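Let me begin by presenting the structure, written as structure tokens, before commenting on it.
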Number of protein chains: 6
Amino acid sequence: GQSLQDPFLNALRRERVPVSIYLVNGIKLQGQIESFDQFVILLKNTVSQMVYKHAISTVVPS
Amino acid sequence: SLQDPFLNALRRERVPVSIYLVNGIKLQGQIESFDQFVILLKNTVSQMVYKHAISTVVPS
Amino acid sequence: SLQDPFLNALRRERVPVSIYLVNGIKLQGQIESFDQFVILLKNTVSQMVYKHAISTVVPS
Amino acid sequence: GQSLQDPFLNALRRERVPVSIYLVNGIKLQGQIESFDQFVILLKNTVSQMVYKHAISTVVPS
Amino acid sequence: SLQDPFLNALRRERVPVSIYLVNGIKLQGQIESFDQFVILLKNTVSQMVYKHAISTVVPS
Amino acid sequence: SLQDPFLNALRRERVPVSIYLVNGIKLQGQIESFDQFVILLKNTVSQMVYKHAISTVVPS
RNA sequence: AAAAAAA
RNA sequence: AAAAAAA
């Protein structure tokens, strides 16, 4: 199920950990996980931006 | 759950937006409408963007 | 749907379109027909394009 | 539904039309449609090769 | 319907194969096993290839 | 499943692995955990990798 | 739209 | 692993 993905993202969100989100094309976005659902992650770095999970390679604490 | 309100808020306030595609290309315009699979992005003309091709949507 | 009426209008009105693919290649032609997964695009040839390979459909 | 895709491919198969299959990375394969199902197309050009539909951009008569 | 028998025939006859990935990379070895989502390709070691990453499977 | 036993063996035996991504980048580490959609890979950092971005998992 | 950069 | 080639 989502027994890894949801607790991993929730912890980053709860703890306001700065993250790097690497996209599948190698572009690295930085910010905080504001929220997420089945399909998207909202990545906040003053501005809120919506990232499709389909375009993400990895999520790592910065 | 979060996708629709995020896109709608941009449409509602006519926020100029950037849509970055999975291949790195940046498209700019206004969110005119959206459904399960697509976003209509308006500039001079309305073009239909497939969600599967999008990496991010962000105010410009 | 926003997608289906958009494609149907383009198809019925025989509107010249540009289809941009995920590899950056631009196809041009008229939308001859479409279904859940594919679009039939006609120019000098008649070609079945998978929607998963499309980024955008733009009136030319 | 598959009201376009299945009759398009079946006609190519039935009529033994030489086809070009462009992959999503721009590589062009050539051969005849031997058969297909939900996920793959078998492309025959003396040898039978299995092509995942997820990797295909377009199918066109050659 | 066609995928499983195609892969199995290659495994059964120990046919040396090429698996071409969506990014153009060619992997070579023997089909050792497969399930809904992956193919195990054996050379010196067995590596697990995700089907979503594969364009084609062909005898080498 | 062939996938789950393969990943589980790698995880339990703390086998160093190379994960090749769709963009050609090679990650290295140990499989800390996995579920339907993601793998947690640990090296000097602990990183959640989406399976859709992975081409292969190779014992290093 | 490089019959295909064991990455 | 180019905070991102209106293609």
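The numbers here are math on the coordinates, done by the rules we state, and not lab data. Here the Cβ is made from the backbone with ideal geometry for all residues, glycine too, and neighbour counts use every protein chain on show.
The table below lists the values:
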read-out	value
For chain E, projected area of the alpha-carbon convex hull averaged over all directions, nm²	3.7
Chain E: relative contact order in percent, alpha carbon pairs under 8 Å with at least 6 residues between	33
Gyration tensor (Cα) of chain D, equivalent ellipsoid semi-axes in angstrom	15, 14, 11
Entries in A:44/B:51; E:51/F:42; A:28/F:26; A:28/B:26; B:51/C:51 that, when Cα-Cα distance is taken, lie over 18 Å	A:44/B:51; E:51/F:42
Under the Debye formula (equal points on every Cα, no solvent term), log10 I(q)/I(0) of the protein assembly as shown at q = 0.08, 0.11, 0.13, 0.14 Å⁻¹	-0.44, -0.83, -1.12, -1.25
Charge dipole magnitude, Cβ of K and R +1, D and E -1 - chain A, Cα centre, debye nearest 20	120
Total charge dipole magnitude, chain E, about the Cα centre, Cβ charges on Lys, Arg, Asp, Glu only, Debye to nearest 20	120
For residues of E:42-54, the mean tally of beta carbons on other chains within 10 Å	6
